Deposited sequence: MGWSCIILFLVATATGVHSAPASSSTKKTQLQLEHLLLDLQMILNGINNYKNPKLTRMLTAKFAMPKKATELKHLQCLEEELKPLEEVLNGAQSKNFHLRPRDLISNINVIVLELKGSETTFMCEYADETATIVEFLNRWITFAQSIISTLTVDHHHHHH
């Protein structure tokens, strides 16, 4: 339906928020910060794992400022994720056994959104 297109457009906006952070990063203490990573990320409830890492994401982007507005940006990602994720149950998402750098974190969640976007087309 067009709730599928609504979902798709929400995923695109999330993706553009993430790509913007990643593009901003690619232009030191930022690259040592470690992020929890989803064990599995194939359906929308797994965004729980992105949601839970938004506070540490915000903190790292605040520390690095010297072309992003992280309070706005994170609060935007937060509401989009909350809408996409669905109603909260137990065992939404499980973490991998190792943490990762910010670039691996962002690329993982970028890959996630891309994977759902392509099935909704």
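Trainee: Please report every deposited-sequence interval that has no C-alpha in the structure, sorted by position.
Mentor: No C-alpha coordinates exist for 1 to 22, 50 to 55, 95 to 97, 153 to 160.
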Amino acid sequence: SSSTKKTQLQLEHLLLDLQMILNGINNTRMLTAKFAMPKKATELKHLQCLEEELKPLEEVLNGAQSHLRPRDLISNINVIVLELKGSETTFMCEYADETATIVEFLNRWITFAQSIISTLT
From here on, numbers count along this sequence of modelled residues.
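Trainee: Regarding 87 to 95 and 50 to 58, which shows the higher C-alpha temperature factor on average in the entry?
Mentor: Higher mean C-alpha B-factor: 87 to 95.
Trainee: When the C-alpha temperature factors are averaged for each of 28 to 36 and 69 to 77, which stretch ends up with the higher value in the entry?
Mentor: Mean B over CA atoms: larger for 28 to 36.
Trainee: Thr111: which third of its chain by C-alpha temperature factor?
Mentor: Answer is lowest: the recorded C-alpha B-factor places it there.
Trainee: For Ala41, does the deposited CA B-factor place it in the lowest, middle or highest third of the chain?
Mentor: Tercile = middle for this residue's CA B-factor.
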